[PDB]
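Pasting target_35.pdb here (PDB, C-alpha atoms):
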```
ATOM      1  CA  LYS D   1     -12.037  -5.788   4.668  1.00  0.00           C
ATOM      2  CA  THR D   2     -12.183  -2.020   5.249  1.00  0.00           C
ATOM      3  CA  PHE D   3     -10.250  -0.507   8.154  1.00  0.00           C
ATOM      4  CA  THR D   4     -11.228   2.542  10.167  1.00  0.00           C
ATOM      5  CA  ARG D   5      -8.407   5.123  10.270  1.00  0.00           C
ATOM      6  CA  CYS D   6      -7.137   3.917  13.639  1.00  0.00           C
ATOM      7  CA  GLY D   7      -7.776   0.278  12.842  1.00  0.00           C
ATOM      8  CA  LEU D   8      -5.405   0.723   9.921  1.00  0.00           C
ATOM      9  CA  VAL D   9      -2.805   2.464  12.108  1.00  0.00           C
ATOM     10  CA  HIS D  10      -3.079  -0.413  14.560  1.00  0.00           C
ATOM     11  CA  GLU D  11      -2.440  -3.022  11.842  1.00  0.00           C
ATOM     12  CA  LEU D  12       0.424  -1.009  10.376  1.00  0.00           C
ATOM     13  CA  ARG D  13       2.201  -0.813  13.754  1.00  0.00           C
ATOM     14  CA  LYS D  14       1.679  -4.528  14.187  1.00  0.00           C
ATOM     15  CA  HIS D  15       3.637  -5.038  10.955  1.00  0.00           C
ATOM     16  CA  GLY D  16       6.530  -2.843  11.898  1.00  0.00           C
ATOM     17  CA  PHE D  17       5.843   0.326   9.911  1.00  0.00           C
ATOM     18  CA  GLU D  18       7.977   3.230  11.159  1.00  0.00           C
ATOM     19  CA  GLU D  19       6.041   5.260  13.685  1.00  0.00           C
ATOM     20  CA  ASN D  20       7.494   8.541  12.450  1.00  0.00           C
ATOM     21  CA  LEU D  21       6.384   7.690   8.911  1.00  0.00           C
ATOM     22  CA  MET D  22       2.871   6.705   9.978  1.00  0.00           C
ATOM     23  CA  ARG D  23       0.982   9.879   8.935  1.00  0.00           C
ATOM     24  CA  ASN D  24       2.348   9.426   5.415  1.00  0.00           C
ATOM     25  CA  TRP D  25       1.391   5.766   5.176  1.00  0.00           C
ATOM     26  CA  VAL D  26      -2.143   6.537   6.352  1.00  0.00           C
ATOM     27  CA  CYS D  27      -2.383   9.361   3.854  1.00  0.00           C
ATOM     28  CA  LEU D  28      -1.091   7.064   1.092  1.00  0.00           C
ATOM     29  CA  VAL D  29      -3.472   4.191   1.885  1.00  0.00           C
ATOM     30  CA  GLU D  30      -6.577   6.367   2.339  1.00  0.00           C
ATOM     31  CA  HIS D  31      -5.866   7.969  -1.034  1.00  0.00           C
ATOM     32  CA  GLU D  32      -4.972   4.769  -2.853  1.00  0.00           C
ATOM     33  CA  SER D  33      -7.618   2.358  -1.600  1.00  0.00           C
ATOM     34  CA  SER D  34      -9.755   4.000   1.073  1.00  0.00           C
ATOM     35  CA  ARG D  35      -8.288   1.451   3.504  1.00  0.00           C
ATOM     36  CA  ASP D  36      -9.917  -1.412   1.618  1.00  0.00           C
ATOM     37  CA  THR D  37      -7.873  -4.620   1.302  1.00  0.00           C
ATOM     38  CA  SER D  38      -9.938  -5.874  -1.601  1.00  0.00           C
ATOM     39  CA  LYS D  39      -9.836  -2.921  -3.941  1.00  0.00           C
ATOM     40  CA  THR D  40      -8.541  -3.468  -7.471  1.00  0.00           C
ATOM     41  CA  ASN D  41      -8.034  -0.853 -10.131  1.00  0.00           C
ATOM     42  CA  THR D  42      -7.430  -1.267 -13.850  1.00  0.00           C
ATOM     43  CA  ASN D  43      -5.127   1.185 -15.566  1.00  0.00           C
ATOM     44  CA  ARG D  44      -4.777   2.380 -19.144  1.00  0.00           C
ATOM     45  CA  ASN D  45      -1.739   0.230 -19.990  1.00  0.00           C
ATOM     46  CA  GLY D  46      -3.709  -2.877 -19.031  1.00  0.00           C
ATOM     47  CA  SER D  47      -2.203  -3.397 -15.585  1.00  0.00           C
ATOM     48  CA  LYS D  48      -4.078  -3.768 -12.288  1.00  0.00           C
ATOM     49  CA  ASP D  49      -3.354  -2.420  -8.815  1.00  0.00           C
ATOM     50  CA  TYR D  50      -4.214  -4.680  -5.901  1.00  0.00           C
ATOM     51  CA  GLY D  51      -5.349  -4.223  -2.318  1.00  0.00           C
ATOM     52  CA  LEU D  52      -4.564  -1.849   0.518  1.00  0.00           C
ATOM     53  CA  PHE D  53      -1.429  -0.479  -1.089  1.00  0.00           C
ATOM     54  CA  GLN D  54      -2.568  -0.686  -4.700  1.00  0.00           C
ATOM     55  CA  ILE D  55       0.442  -2.778  -5.732  1.00  0.00           C
ATOM     56  CA  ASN D  56       1.010  -3.126  -9.482  1.00  0.00           C
ATOM     57  CA  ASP D  57       0.758  -5.947 -12.058  1.00  0.00           C
ATOM     58  CA  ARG D  58       3.702  -5.169 -14.280  1.00  0.00           C
ATOM     59  CA  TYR D  59       6.410  -4.924 -11.682  1.00  0.00           C
ATOM     60  CA  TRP D  60       5.493  -6.378  -8.281  1.00  0.00           C
ATOM     61  CA  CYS D  61       3.187  -9.432  -8.234  1.00  0.00           C
ATOM     62  CA  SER D  62       2.251 -12.104 -10.773  1.00  0.00           C
ATOM     63  CA  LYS D  63      -1.269 -12.767 -12.023  1.00  0.00           C
ATOM     64  CA  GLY D  64      -0.217 -16.396 -12.413  1.00  0.00           C
ATOM     65  CA  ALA D  65      -0.726 -19.326 -10.045  1.00  0.00           C
ATOM     66  CA  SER D  66       2.931 -19.201  -9.218  1.00  0.00           C
ATOM     67  CA  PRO D  67       4.422 -16.395  -7.099  1.00  0.00           C
ATOM     68  CA  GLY D  68       6.573 -13.958  -9.048  1.00  0.00           C
ATOM     69  CA  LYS D  69       7.698 -10.461  -9.941  1.00  0.00           C
ATOM     70  CA  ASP D  70       9.781  -8.277  -7.639  1.00  0.00           C
ATOM     71  CA  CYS D  71       7.815  -9.065  -4.522  1.00  0.00           C
ATOM     72  CA  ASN D  72       7.797 -12.768  -5.377  1.00  0.00           C
ATOM     73  CA  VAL D  73       4.112 -12.964  -4.501  1.00  0.00           C
ATOM     74  CA  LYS D  74       0.846 -13.755  -6.283  1.00  0.00           C
ATOM     75  CA  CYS D  75      -1.330 -10.681  -6.753  1.00  0.00           C
ATOM     76  CA  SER D  76      -4.318 -12.553  -5.352  1.00  0.00           C
ATOM     77  CA  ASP D  77      -2.469 -12.813  -2.058  1.00  0.00           C
ATOM     78  CA  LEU D  78      -2.744  -9.029  -1.859  1.00  0.00           C
ATOM     79  CA  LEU D  79      -6.540  -9.052  -1.825  1.00  0.00           C
ATOM     80  CA  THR D  80      -6.860 -10.881   1.495  1.00  0.00           C
ATOM     81  CA  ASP D  81      -7.988  -9.511   4.891  1.00  0.00           C
ATOM     82  CA  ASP D  82      -4.608 -10.481   6.293  1.00  0.00           C
ATOM     83  CA  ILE D  83      -2.093  -7.888   5.111  1.00  0.00           C
ATOM     84  CA  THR D  84       1.227  -9.423   6.079  1.00  0.00           C
ATOM     85  CA  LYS D  85       2.150 -10.308   2.492  1.00  0.00           C
ATOM     86  CA  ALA D  86       1.017  -6.922   1.135  1.00  0.00           C
ATOM     87  CA  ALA D  87       2.878  -5.161   3.949  1.00  0.00           C
ATOM     88  CA  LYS D  88       6.170  -6.936   3.164  1.00  0.00           C
ATOM     89  CA  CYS D  89       5.752  -5.995  -0.495  1.00  0.00           C
ATOM     90  CA  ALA D  90       4.864  -2.362   0.259  1.00  0.00           C
ATOM     91  CA  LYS D  91       7.967  -2.133   2.450  1.00  0.00           C
ATOM     92  CA  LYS D  92       9.992  -3.509  -0.461  1.00  0.00           C
ATOM     93  CA  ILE D  93       8.605  -0.943  -2.890  1.00  0.00           C
ATOM     94  CA  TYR D  94       9.264   1.835  -0.381  1.00  0.00           C
ATOM     95  CA  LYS D  95      12.784   0.692   0.328  1.00  0.00           C
ATOM     96  CA  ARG D  96      13.437   1.149  -3.389  1.00  0.00           C
ATOM     97  CA  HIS D  97      11.375   4.131  -4.465  1.00  0.00           C
ATOM     98  CA  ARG D  98      10.425   5.846  -1.207  1.00  0.00           C
ATOM     99  CA  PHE D  99       6.835   7.205  -1.505  1.00  0.00           C
ATOM    100  CA  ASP D 100       7.241   8.288  -5.100  1.00  0.00           C
ATOM    101  CA  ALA D 101       6.076   4.903  -6.324  1.00  0.00           C
ATOM    102  CA  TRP D 102       2.517   5.899  -5.347  1.00  0.00           C
ATOM    103  CA  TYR D 103       0.539   8.385  -7.443  1.00  0.00           C
ATOM    104  CA  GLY D 104      -2.002   8.916  -4.657  1.00  0.00           C
ATOM    105  CA  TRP D 105       0.674   9.976  -2.202  1.00  0.00           C
ATOM    106  CA  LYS D 106       2.577  12.081  -4.712  1.00  0.00           C
ATOM    107  CA  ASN D 107      -0.308  14.443  -5.289  1.00  0.00           C
ATOM    108  CA  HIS D 108      -2.463  14.356  -2.144  1.00  0.00           C
ATOM    109  CA  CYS D 109       0.003  13.939   0.719  1.00  0.00           C
ATOM    110  CA  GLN D 110       2.396  16.783  -0.019  1.00  0.00           C
ATOM    111  CA  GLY D 111       0.499  19.280   2.074  1.00  0.00           C
ATOM    112  CA  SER D 112      -1.180  18.512   5.355  1.00  0.00           C
ATOM    113  CA  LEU D 113      -1.286  14.953   6.716  1.00  0.00           C
ATOM    114  CA  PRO D 114      -4.098  13.015   8.523  1.00  0.00           C
ATOM    115  CA  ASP D 115      -4.629  13.506  12.257  1.00  0.00           C
ATOM    116  CA  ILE D 116      -3.884  10.163  13.891  1.00  0.00           C
ATOM    117  CA  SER D 117      -3.507  11.458  17.465  1.00  0.00           C
ATOM    118  CA  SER D 118      -6.653   9.525  18.444  1.00  0.00           C
ATOM    119  CA  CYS D 119      -5.060   6.235  17.536  1.00  0.00           C
TER     120      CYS D 119
END
```

What's the structure tokens form of this structure?
Amino acid sequence: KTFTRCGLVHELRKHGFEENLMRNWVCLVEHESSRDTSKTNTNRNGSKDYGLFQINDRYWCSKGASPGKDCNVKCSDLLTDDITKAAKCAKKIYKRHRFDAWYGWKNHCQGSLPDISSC
């Protein structure tokens, strides 16, 4: 599933993301997955990033059939249209690393942020 900019903002609010941090989250997501819940990316070290928030293989979700890693979730559960599991995990990564955990944010969202006044 691919969200429109405001569709994404709508879902994010629905999952309790801080309203004053919204422009950043939108910037992060648009730069990490283009608001696509099914995007996967394979990195050099052999790890994969899953879904909307491009959550990683090594540290946050398990590729197994059993939930695991720091988010205690199966990576496949982060490729669904429903983002509640991905959202809880993204909030857990943020709570620990702020926005620095995301490459896309780090070097694309330092300057100007998306206009979400229409949402």

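The residues that lie within 9 Å of the point (-4.8, -3.5, 4.8), counting all atoms listed in the file, are residues 1, 2, 3, 8, 11, 12, 29, 35, 36, 37, 38, 51, 52, 53, 78, 79, 80, 81, 82, 83, 84, 86 and 87 of chain D.
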
Selection in question (the file shown): the PyMOL selection byres ((chain D and resi 91) around 12). Which residues does it include, as a list in words?
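Checking the PyMOL selection byres ((chain D and resi 91) around 12) against this file, the residues are residues 12, 15, 16, 17, 18, 21, 25, 53, 55, 60, 70, 71, 83, 84, 85, 86, 87, 88, 89, 90, 92, 93, 94, 95, 96, 97, 98, 99 and 101 of chain D.
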
d(CA of residue 7 (chain D), CA of residue 119 (chain D)) in Å:
8.1 Å

Could you tell me which of D:109, D:6, D:61, D:75 comes closest to residue 28 (chain D) if we count all atoms listed in the file?
D:109

Please enumerate the residues selected by the PyMOL selection byres ((chain D and resi 63) around 12) when evaluated against the supplied file, formatted as a list in words.
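Applying the expression gives residues 47, 48, 49, 50, 55, 56, 57, 58, 59, 60, 61, 62, 64, 65, 66, 67, 68, 69, 72, 73, 74, 75, 76, 77 and 78 of chain D.
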
Those residues you just picked out, can you put them in a file as a PDB file, keeping the file's coordinate frame with C-alpha atoms?
```pdb
ATOM      1  CA  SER D  47      -2.203  -3.397 -15.585  1.00  0.00           C
ATOM      2  CA  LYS D  48      -4.078  -3.768 -12.288  1.00  0.00           C
ATOM      3  CA  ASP D  49      -3.354  -2.420  -8.815  1.00  0.00           C
ATOM      4  CA  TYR D  50      -4.214  -4.680  -5.901  1.00  0.00           C
ATOM      5  CA  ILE D  55       0.442  -2.778  -5.732  1.00  0.00           C
ATOM      6  CA  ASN D  56       1.010  -3.126  -9.482  1.00  0.00           C
ATOM      7  CA  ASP D  57       0.758  -5.947 -12.058  1.00  0.00           C
ATOM      8  CA  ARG D  58       3.702  -5.169 -14.280  1.00  0.00           C
ATOM      9  CA  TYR D  59       6.410  -4.924 -11.682  1.00  0.00           C
ATOM     10  CA  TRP D  60       5.493  -6.378  -8.281  1.00  0.00           C
ATOM     11  CA  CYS D  61       3.187  -9.432  -8.234  1.00  0.00           C
ATOM     12  CA  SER D  62       2.251 -12.104 -10.773  1.00  0.00           C
ATOM     13  CA  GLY D  64      -0.217 -16.396 -12.413  1.00  0.00           C
ATOM     14  CA  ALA D  65      -0.726 -19.326 -10.045  1.00  0.00           C
ATOM     15  CA  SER D  66       2.931 -19.201  -9.218  1.00  0.00           C
ATOM     16  CA  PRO D  67       4.422 -16.395  -7.099  1.00  0.00           C
ATOM     17  CA  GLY D  68       6.573 -13.958  -9.048  1.00  0.00           C
ATOM     18  CA  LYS D  69       7.698 -10.461  -9.941  1.00  0.00           C
ATOM     19  CA  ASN D  72       7.797 -12.768  -5.377  1.00  0.00           C
ATOM     20  CA  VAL D  73       4.112 -12.964  -4.501  1.00  0.00           C
ATOM     21  CA  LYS D  74       0.846 -13.755  -6.283  1.00  0.00           C
ATOM     22  CA  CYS D  75      -1.330 -10.681  -6.753  1.00  0.00           C
ATOM     23  CA  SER D  76      -4.318 -12.553  -5.352  1.00  0.00           C
ATOM     24  CA  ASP D  77      -2.469 -12.813  -2.058  1.00  0.00           C
ATOM     25  CA  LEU D  78      -2.744  -9.029  -1.859  1.00  0.00           C
TER      26      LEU D  78
END
```

Between D:115, D:32, D:19, D:100, which has the minimum distance to residue 5 (chain D) (counting all atoms listed in the file)?
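When distances to residue 5 (chain D) are compared using all atoms listed in the file, the smallest one comes from D:115.
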
Measure the distance from CA of residue 31 (chain D) to CA of residue 104 (chain D) in Å and round it to one decimal.
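CA of residue 104 (chain D) lies at a distance of 5.4 Å from CA of residue 31 (chain D).
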
Take every atom of region 36-52 of chain D listed in the file, fit an axis-aligned box around them, add 5 Å per side, and give the centre and edge lengths in Å to one decimal as JSON.
```
{"center_x": -5.8, "center_y": -1.7, "center_z": -9.2, "size_x": 18.2, "size_y": 18.3, "size_z": 31.6}
```

Check the smallest atom-to-atom distance from each of D:110, D:4, D:43, D:117 to residue 30 (chain D) using only C-alpha atoms, then report the winner.
D:4

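Here CA of residue 26 (chain D) is placed at a distance of 18.2 Å from CA of residue 40 (chain D).
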
Excluding same-chain residues fewer than 6 positions from residue 20 (chain D), what lies within 12 Å of it counting all atoms listed in the file, as a PyMOL selection string?
chain D and resi 9+13+26+116

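Of the listed residues D:34, D:41, D:27, D:14, the one whose atoms come nearest to residue 107 (chain D) is D:27, with distances taken using all atoms listed in the file.
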